[PDB]
>>> print(open('protein_28.csv').read())   # CSV, N, CA and C atoms
chain,number,residue,atom,x,y,z
A,651,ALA,N,76.9,62.9,56.7
A,651,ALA,CA,75.6,63.1,57.3
A,651,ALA,C,75.7,63.8,58.6
A,652,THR,N,76.7,63.5,59.4
A,652,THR,CA,76.9,64.3,60.7
A,652,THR,C,77.2,65.7,60.2
A,653,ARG,N,78.0,65.8,59.1
A,653,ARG,CA,78.2,67.1,58.5
A,653,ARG,C,76.8,67.8,58.0
A,654,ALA,N,75.9,67.1,57.5
A,654,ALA,CA,74.7,67.6,57.0
A,654,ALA,C,73.9,68.1,58.2
A,655,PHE,N,73.7,67.3,59.2
A,655,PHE,CA,72.8,67.6,60.4
A,655,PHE,C,73.5,68.3,61.6
A,656,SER,N,74.8,68.7,61.4
A,656,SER,CA,75.4,69.4,62.5
A,656,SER,C,74.9,70.9,62.5
A,657,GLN,N,75.3,71.5,61.4
A,657,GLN,CA,75.0,73.0,61.2
A,657,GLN,C,73.6,73.3,61.0
A,658,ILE,N,72.9,72.5,60.1
A,658,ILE,CA,71.6,73.0,59.7
A,658,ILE,C,70.4,72.4,60.4
A,659,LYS,N,70.6,72.1,61.7
A,659,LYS,CA,69.5,71.6,62.6
A,659,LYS,C,69.4,72.4,63.9
A,660,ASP,N,68.2,72.3,64.6
A,660,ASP,CA,68.0,73.0,65.8
A,660,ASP,C,68.3,72.1,67.0
A,661,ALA,N,68.5,70.8,66.7
A,661,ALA,CA,68.8,69.8,67.8
A,661,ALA,C,69.8,68.8,67.2
A,662,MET,N,70.6,68.1,68.0
A,662,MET,CA,71.6,67.2,67.5
A,662,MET,C,71.2,65.8,67.0
A,663,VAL,N,71.6,65.5,65.8
A,663,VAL,CA,71.3,64.3,65.1
A,663,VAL,C,72.6,63.6,64.5
A,664,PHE,N,72.9,62.5,65.0
A,664,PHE,CA,74.1,61.7,64.6
A,664,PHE,C,73.7,60.7,63.5
A,665,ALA,N,74.7,60.4,62.6
A,665,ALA,CA,74.5,59.3,61.7
A,665,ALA,C,75.7,58.4,61.9
A,666,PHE,N,75.6,57.1,62.1
A,666,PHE,CA,76.7,56.3,62.5
A,666,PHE,C,76.5,54.8,62.2
A,667,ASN,N,77.6,54.0,62.4
A,667,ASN,CA,77.7,52.6,62.4
A,667,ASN,C,78.1,51.9,63.7
A,668,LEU,N,77.5,50.8,63.9
A,668,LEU,CA,77.8,49.9,65.1
A,668,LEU,C,79.2,49.4,64.9
A,669,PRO,N,79.9,49.2,66.0
A,669,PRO,CA,81.2,48.5,65.9
A,669,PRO,C,81.0,47.0,65.6
A,670,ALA,N,82.1,46.2,65.5
A,670,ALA,CA,81.9,44.8,65.2
A,670,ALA,C,81.6,44.1,66.5
A,671,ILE,N,82.5,44.3,67.5
A,671,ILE,CA,82.1,43.8,68.8
A,671,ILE,C,81.2,44.8,69.5
A,672,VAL,N,79.9,44.6,69.3
A,672,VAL,CA,78.8,45.4,69.9
A,672,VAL,C,78.9,45.2,71.4
A,673,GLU,N,78.0,45.8,72.1
A,673,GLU,CA,77.9,45.7,73.6
A,673,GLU,C,79.2,45.6,74.4
A,674,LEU,N,80.3,46.0,73.7
A,674,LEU,CA,81.6,45.9,74.3
A,674,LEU,C,82.7,46.8,73.7
A,675,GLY,N,82.5,48.1,74.0
A,675,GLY,CA,83.5,49.1,73.7
A,675,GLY,C,84.3,49.3,72.4
A,676,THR,N,84.8,50.6,72.3
A,676,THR,CA,85.6,51.1,71.3
A,676,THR,C,87.0,50.8,71.6
A,677,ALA,N,88.0,51.6,71.2
A,677,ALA,CA,89.4,51.3,71.5
A,677,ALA,C,90.0,52.3,72.4
A,678,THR,N,90.0,53.6,72.0
A,678,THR,CA,90.3,54.7,72.9
A,678,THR,C,89.0,55.1,73.5
A,679,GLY,N,88.7,54.7,74.8
A,679,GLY,CA,87.5,55.0,75.4
A,679,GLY,C,87.1,54.2,76.6
A,680,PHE,N,86.3,55.0,77.5
A,680,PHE,CA,86.0,54.5,78.9
A,680,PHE,C,84.6,55.0,79.3
A,681,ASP,N,84.1,54.3,80.3
A,681,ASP,CA,82.8,54.5,80.9
A,681,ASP,C,82.9,54.8,82.4
A,682,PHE,N,83.0,56.0,82.8
A,682,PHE,CA,83.2,56.4,84.2
A,682,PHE,C,81.8,56.6,84.9
A,683,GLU,N,81.8,56.2,86.2
A,683,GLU,CA,80.5,56.3,86.9
A,683,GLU,C,80.7,57.2,88.1
A,684,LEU,N,80.0,58.3,88.2
A,684,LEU,CA,80.2,59.1,89.4
A,684,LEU,C,79.1,58.7,90.4
A,685,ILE,N,79.5,58.3,91.6
A,685,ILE,CA,78.7,57.6,92.6
A,685,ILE,C,78.6,58.4,93.9
A,686,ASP,N,77.4,58.4,94.4
A,686,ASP,CA,77.0,59.0,95.7
A,686,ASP,C,77.3,58.2,97.0
A,687,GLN,N,78.3,58.6,97.8
A,687,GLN,CA,78.6,57.9,99.0
A,687,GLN,C,78.0,58.4,100.4
A,688,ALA,N,77.8,59.7,100.5
A,688,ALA,CA,77.3,60.2,101.8
A,688,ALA,C,75.8,60.5,101.9
A,689,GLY,N,75.1,60.5,100.8
A,689,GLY,CA,73.7,60.8,100.6
A,689,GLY,C,73.6,62.3,100.4
A,690,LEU,N,74.3,62.8,99.4
A,690,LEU,CA,74.4,64.2,99.1
A,690,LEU,C,73.3,64.8,98.2
A,691,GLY,N,72.5,63.9,97.6
A,691,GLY,CA,71.4,64.3,96.8
A,691,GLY,C,71.7,64.6,95.4
A,692,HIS,N,70.6,64.5,94.6
A,692,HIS,CA,70.7,64.6,93.1
A,692,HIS,C,71.3,65.9,92.6
A,693,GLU,N,71.1,67.0,93.3
A,693,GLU,CA,71.6,68.3,93.0
A,693,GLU,C,73.1,68.3,93.2
A,694,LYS,N,73.6,68.0,94.4
A,694,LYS,CA,75.0,68.0,94.6
A,694,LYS,C,75.8,67.0,93.7
A,695,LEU,N,75.2,65.8,93.5
A,695,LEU,CA,75.9,64.9,92.6
A,695,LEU,C,75.9,65.4,91.2
A,696,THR,N,74.8,66.0,90.7
A,696,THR,CA,74.7,66.5,89.4
A,696,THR,C,75.8,67.6,89.1
A,697,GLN,N,75.8,68.5,90.1
A,697,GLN,CA,76.6,69.7,90.1
A,697,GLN,C,78.1,69.2,90.1
A,698,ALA,N,78.3,68.1,90.9
A,698,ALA,CA,79.6,67.5,90.9
A,698,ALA,C,80.0,67.0,89.5
A,699,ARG,N,79.0,66.5,88.8
A,699,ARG,CA,79.3,66.0,87.4
A,699,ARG,C,79.7,67.1,86.5
A,700,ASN,N,79.0,68.2,86.6
A,700,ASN,CA,79.4,69.4,85.9
A,700,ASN,C,80.8,69.8,86.2
B,751,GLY,N,47.2,44.2,118.1
B,751,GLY,CA,48.5,44.0,117.4
B,751,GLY,C,49.3,45.2,117.4
B,752,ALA,N,48.9,46.2,116.6
B,752,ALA,CA,49.8,47.4,116.4
B,752,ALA,C,50.2,48.1,117.6
B,753,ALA,N,49.6,47.7,118.7
B,753,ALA,CA,50.0,48.2,120.0
B,753,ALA,C,51.1,47.2,120.5
B,754,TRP,N,50.9,45.9,120.5
B,754,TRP,CA,51.7,45.0,121.2
B,754,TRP,C,52.7,44.2,120.2
B,755,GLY,N,52.2,44.1,119.0
B,755,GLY,CA,53.0,43.3,118.0
B,755,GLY,C,53.7,44.3,117.0
B,756,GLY,N,53.2,45.5,116.8
B,756,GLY,CA,53.7,46.4,115.8
B,756,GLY,C,53.1,46.3,114.5
B,757,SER,N,53.3,47.3,113.6
B,757,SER,CA,52.8,47.4,112.3
B,757,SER,C,53.7,48.1,111.3
B,758,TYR,N,54.1,47.3,110.3
B,758,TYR,CA,54.7,47.9,109.1
B,758,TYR,C,53.6,48.6,108.3
B,759,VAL,N,53.7,49.9,108.2
B,759,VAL,CA,52.6,50.6,107.5
B,759,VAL,C,52.9,50.9,106.0
B,760,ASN,N,53.8,51.8,105.8
B,760,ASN,CA,54.2,52.2,104.4
B,760,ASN,C,55.7,52.5,104.5
B,761,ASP,N,56.3,52.8,103.4
B,761,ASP,CA,57.7,53.0,103.3
B,761,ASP,C,58.0,54.5,103.2
B,762,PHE,N,59.1,55.0,103.8
B,762,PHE,CA,59.4,56.4,103.7
B,762,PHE,C,60.9,56.5,103.3
B,763,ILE,N,61.3,57.7,102.9
B,763,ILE,CA,62.6,57.8,102.3
B,763,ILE,C,63.6,58.6,103.1
B,764,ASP,N,64.6,57.9,103.7
B,764,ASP,CA,65.5,58.6,104.6
B,764,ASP,C,66.8,58.9,103.8
B,765,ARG,N,67.1,60.2,103.8
B,765,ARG,CA,68.3,60.8,103.2
B,765,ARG,C,68.5,60.4,101.7
B,766,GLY,N,67.5,59.7,101.1
B,766,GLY,CA,67.6,59.2,99.8
B,766,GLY,C,67.7,57.7,99.5
B,767,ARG,N,67.4,57.0,100.6
B,767,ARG,CA,67.4,55.5,100.5
B,767,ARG,C,66.2,55.1,101.3
B,768,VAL,N,65.3,54.2,100.8
B,768,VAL,CA,64.1,53.9,101.5
B,768,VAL,C,64.2,53.0,102.7
B,769,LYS,N,63.5,53.4,103.8
B,769,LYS,CA,63.4,52.6,105.0
B,769,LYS,C,61.9,52.5,105.5
B,770,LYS,N,61.7,51.7,106.5
B,770,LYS,CA,60.3,51.3,106.9
B,770,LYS,C,59.6,52.2,107.9
B,771,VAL,N,58.3,52.0,108.1
B,771,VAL,CA,57.5,52.7,109.1
B,771,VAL,C,56.7,51.8,110.0
B,772,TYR,N,57.1,51.7,111.3
B,772,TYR,CA,56.5,50.8,112.3
B,772,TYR,C,55.7,51.6,113.3
B,773,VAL,N,54.5,51.3,113.5
B,773,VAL,CA,53.8,52.0,114.6
B,773,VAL,C,53.4,51.0,115.7
B,774,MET,N,53.8,51.4,116.9
B,774,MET,CA,53.6,50.6,118.0
B,774,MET,C,53.5,51.4,119.3
B,775,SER,N,53.0,50.8,120.3
B,775,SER,CA,52.9,51.5,121.7
B,775,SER,C,54.2,52.1,122.1
B,776,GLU,N,54.2,52.9,123.2
B,776,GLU,CA,55.4,53.2,123.9
B,776,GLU,C,55.7,52.0,124.8
B,777,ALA,N,56.9,52.0,125.3
B,777,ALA,CA,57.4,50.9,126.1
B,777,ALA,C,56.5,50.6,127.3
B,778,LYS,N,56.3,51.6,128.2
B,778,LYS,CA,55.7,51.4,129.5
B,778,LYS,C,54.2,50.9,129.6
B,779,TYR,N,53.5,50.9,128.4
B,779,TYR,CA,52.1,50.6,128.4
B,779,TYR,C,51.9,49.2,127.8
B,780,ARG,N,52.9,48.4,127.7
B,780,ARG,CA,52.8,47.0,127.2
B,780,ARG,C,53.9,46.0,127.7
B,781,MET,N,54.0,46.0,129.0
B,781,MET,CA,54.9,45.1,129.7
B,781,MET,C,54.2,44.1,130.6
B,782,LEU,N,53.4,44.5,131.5
B,782,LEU,CA,52.7,43.7,132.4
B,782,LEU,C,51.2,43.6,131.9
B,783,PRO,N,50.6,42.4,132.1
B,783,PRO,CA,49.2,42.2,131.6
B,783,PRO,C,48.2,43.3,132.0
B,784,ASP,N,48.3,43.9,133.1
B,784,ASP,CA,47.4,45.0,133.5
B,784,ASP,C,47.4,46.1,132.5
B,785,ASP,N,48.5,46.3,131.7
B,785,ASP,CA,48.5,47.4,130.7
B,785,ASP,C,47.4,47.1,129.6
B,786,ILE,N,47.0,45.9,129.5
B,786,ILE,CA,45.8,45.6,128.6
B,786,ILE,C,44.7,46.6,128.8
B,787,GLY,N,44.5,47.0,130.1
B,787,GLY,CA,43.4,47.8,130.5
B,787,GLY,C,43.5,49.3,129.9
B,788,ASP,N,44.7,49.7,129.6
B,788,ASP,CA,45.0,51.1,129.1
B,788,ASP,C,44.4,51.4,127.7
B,789,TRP,N,43.9,50.3,127.0
B,789,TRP,CA,43.6,50.5,125.6
B,789,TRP,C,42.1,50.4,125.4
B,790,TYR,N,41.6,51.4,124.6
B,790,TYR,CA,40.2,51.5,124.4
B,790,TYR,C,39.9,51.4,122.9
B,791,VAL,N,38.7,50.8,122.6
B,791,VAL,CA,38.3,50.6,121.2
B,791,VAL,C,37.1,51.6,120.9
B,792,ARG,N,37.3,52.4,119.9
B,792,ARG,CA,36.2,53.3,119.5
B,792,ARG,C,35.1,52.5,118.8
B,793,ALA,N,33.9,52.7,119.2
B,793,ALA,CA,32.7,52.0,118.8
B,793,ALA,C,32.0,52.5,117.5
B,794,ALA,N,30.9,51.9,117.2
B,794,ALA,CA,30.1,52.3,116.0
B,794,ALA,C,29.5,53.7,116.1
B,795,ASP,N,29.1,54.0,117.4
B,795,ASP,CA,28.4,55.2,117.8
B,795,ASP,C,29.4,56.4,118.1
B,796,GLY,N,30.5,56.1,118.8
B,796,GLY,CA,31.4,57.2,119.2
B,796,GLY,C,32.0,57.1,120.6
B,797,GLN,N,31.9,55.9,121.2
B,797,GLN,CA,32.3,55.7,122.6
B,797,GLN,C,33.5,54.8,122.7
B,798,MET,N,34.4,55.0,123.7
B,798,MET,CA,35.6,54.2,123.9
B,798,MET,C,35.2,53.0,124.8
B,799,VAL,N,35.8,51.9,124.5
B,799,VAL,CA,35.4,50.7,125.3
B,799,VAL,C,36.7,49.9,125.7
B,800,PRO,N,36.8,49.7,127.0
B,800,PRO,CA,38.0,49.0,127.5
B,800,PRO,C,38.2,47.5,127.0
>>> encode(input="protein_28.csv", output="structure tokens")
Amino acid sequence: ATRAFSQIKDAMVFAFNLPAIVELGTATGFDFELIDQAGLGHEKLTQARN
Amino acid sequence: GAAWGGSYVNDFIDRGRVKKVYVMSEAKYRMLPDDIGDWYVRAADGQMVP
């Protein structure tokens, strides 16, 4: 299905299954948070994310 | 009050974190009781009243 809706769509559409331990991660994988310390604003932080 | 006691009016946003807005007299016109005399109240008609 990800194969069906990858190529033949104008926007991205996933088809998938929940893990067994929901609300609590995969195996190879992390959740990084980029945080504002000096008050650099939405644009500088965003750009930093890029 | 807002002369001698102060007033929390509304909130404004400093550098991207919200802080307060207090309006109050300057120092020198609210120390000794005589300074009570400096303050006038605008009436119904349009006149200041001590």
>>> closest_atom_pairs(input="protein_28.csv", of="chain A", to="chain B", cutoff="7 Å", atoms="all atoms listed in the file", output="JSON lines")
{"residue": "A:689", "atom": "CA", "partner": "B:765", "partner_atom": "C", "distance": 5.3}
{"residue": "A:690", "atom": "N", "partner": "B:765", "partner_atom": "C", "distance": 6.7}
{"residue": "A:691", "atom": "N", "partner": "B:765", "partner_atom": "C", "distance": 6.7}
>>> atom_distance(input="protein_28.csv", atom1="CA of residue 694 (chain A)", atom2="atom C of residue 662 (chain A)")
27.9 Å
>>> atom_distance(input="protein_28.csv", atom1="CA of residue 773 (chain B)", atom2="CA of residue 787 (chain B)")
19.5 Å
>>> atom_distance(input="protein_28.csv", atom1="atom N of residue 799 (chain B)", atom2="atom C of residue 770 (chain B)")
29.0 Å
>>> select_by_dssp(input="protein_28.csv", residues="chain A", states="alpha helix (DSSP H)", output="PyMOL selection string")
chain A and resi 652-657+691-699
>>> select_by_dssp(input="protein_28.csv", residues="chain B", states="strand (DSSP E or B)", output="ChimeraX atom specification")
/B:758-764,767-772,791-792,798-799
>>> closest_residue(input="protein_28.csv", among="A:653, A:678, A:671, A:683", to="residue 695 (chain A)", atoms="only C-alpha atoms")
A:683
>>> decode(input="protein_28.csv", residues="region 654-673 of chain A", atoms="N, CA, C and O atoms", output="compact mmCIF listing (two decimals), in the first residue's frame")
# COMPACT_ATOMS: atom_id res chain seq x y z
N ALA A 654 1.59 1.50 -3.33
CA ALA A 654 0.53 2.02 -4.17
C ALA A 654 0.50 3.56 -4.10
O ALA A 654 0.57 4.23 -5.12
N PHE A 655 0.48 4.10 -2.88
CA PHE A 655 0.31 5.54 -2.65
C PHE A 655 1.60 6.36 -2.60
O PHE A 655 1.57 7.53 -2.21
N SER A 656 2.73 5.77 -2.96
CA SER A 656 3.96 6.56 -2.98
C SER A 656 4.03 7.33 -4.29
O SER A 656 4.04 8.57 -4.31
N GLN A 657 4.07 6.57 -5.38
CA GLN A 657 4.28 7.11 -6.72
C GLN A 657 3.04 7.80 -7.27
O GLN A 657 3.14 8.89 -7.84
N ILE A 658 1.87 7.18 -7.08
CA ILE A 658 0.67 7.63 -7.79
C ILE A 658 -0.23 8.63 -7.02
O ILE A 658 -1.43 8.74 -7.28
N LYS A 659 0.39 9.41 -6.12
CA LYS A 659 -0.33 10.46 -5.38
C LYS A 659 0.36 11.84 -5.49
O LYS A 659 1.55 11.94 -5.85
N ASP A 660 -0.38 12.90 -5.18
CA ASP A 660 0.15 14.26 -5.17
C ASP A 660 0.57 14.71 -3.77
O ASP A 660 1.16 15.78 -3.61
N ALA A 661 0.20 13.90 -2.77
CA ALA A 661 0.62 14.11 -1.38
C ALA A 661 0.87 12.78 -0.67
O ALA A 661 0.32 11.76 -1.07
N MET A 662 1.66 12.78 0.41
CA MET A 662 2.06 11.51 1.03
C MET A 662 1.05 10.85 1.97
O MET A 662 0.47 11.47 2.87
N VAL A 663 0.85 9.58 1.67
CA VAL A 663 -0.13 8.72 2.32
C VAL A 663 0.50 7.37 2.75
O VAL A 663 0.85 6.55 1.90
N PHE A 664 0.63 7.16 4.07
CA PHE A 664 1.19 5.92 4.64
C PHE A 664 0.13 4.90 4.93
O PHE A 664 -0.99 5.23 5.24
N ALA A 665 0.51 3.63 4.86
CA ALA A 665 -0.37 2.58 5.35
C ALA A 665 0.50 1.78 6.30
O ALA A 665 1.63 1.45 5.96
N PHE A 666 0.00 1.52 7.51
CA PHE A 666 0.85 0.89 8.52
C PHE A 666 0.11 0.23 9.72
O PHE A 666 -1.14 0.25 9.82
N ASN A 667 0.91 -0.44 10.56
CA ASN A 667 0.47 -1.09 11.79
C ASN A 667 1.13 -0.54 13.05
O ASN A 667 2.33 -0.24 13.07
N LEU A 668 0.34 -0.45 14.12
CA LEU A 668 0.84 -0.04 15.42
C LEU A 668 1.77 -1.12 15.94
O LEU A 668 1.58 -2.30 15.65
N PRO A 669 2.78 -0.71 16.72
CA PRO A 669 3.64 -1.68 17.42
C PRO A 669 2.87 -2.38 18.55
O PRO A 669 1.69 -2.05 18.79
N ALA A 670 3.49 -3.34 19.23
CA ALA A 670 2.76 -4.02 20.29
C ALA A 670 2.79 -3.16 21.55
O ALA A 670 1.75 -2.88 22.16
N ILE A 671 3.98 -2.70 21.93
CA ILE A 671 4.09 -1.68 22.95
C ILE A 671 3.89 -0.30 22.36
O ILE A 671 4.85 0.36 21.92
N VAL A 672 2.62 0.12 22.31
CA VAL A 672 2.24 1.43 21.79
C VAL A 672 2.85 2.50 22.71
O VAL A 672 3.61 2.17 23.61
N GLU A 673 2.52 3.76 22.48
CA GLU A 673 3.02 4.91 23.28
C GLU A 673 4.46 4.79 23.81
O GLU A 673 4.86 5.58 24.66
